[PDB]
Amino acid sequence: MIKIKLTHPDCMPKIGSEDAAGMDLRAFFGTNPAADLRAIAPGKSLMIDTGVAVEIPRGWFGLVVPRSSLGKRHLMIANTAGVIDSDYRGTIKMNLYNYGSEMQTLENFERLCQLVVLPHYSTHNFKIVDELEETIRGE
């Protein structure tokens, strides 16, 4: 199981169908009255908290990518894609960058990125060698 800890109950990611690859992470601007909206100007970035901390199982990791709706807004994750290790315990942040020409305003709890949980090879299970075994593709 993925264990999920929420800063506020409304940070709960949007769960899709049984077949969904991912769950939608939402902006969390806080609970104060002024937390209703935040704006990202063209060429600027904003570190957005999701209010979601996760315990991903050992052997898996979290991939954070934009929702397709982010594409129309010309927003991207500044570091392209978030990689959430299974030992990470803080809340997931989305550092969103405005590569378009118009200012983008976001609502509190708006769905912005997908969290997909995938398996990975153990990064300690490697061996340094002097030559690798050749293949037709090679290069």
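Residues carry their position along the shown sequence, with the first being 1.
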Which of 28 to 36 and 91 to 99 has higher mean CA B factor, as the PDB entry lists it: 28 to 36
Comparing 75 to 83 with 51 to 59, which stretch shows the greater average C-alpha B-factor in the deposited entry? 51 to 59
Relative C-alpha B-factor of residue 114, binned into the chain's lowest, middle or highest third: lowest
Should residue 104 be placed in the lowest, middle or highest third of its chain by the C-alpha B factor in the entry? highest
Is the Cα B-factor recorded for residue 22 in the lowest, middle or highest third of its chain? lowest
Assigned third (lowest, middle, highest) for the C-alpha B factor of residue 13: middle
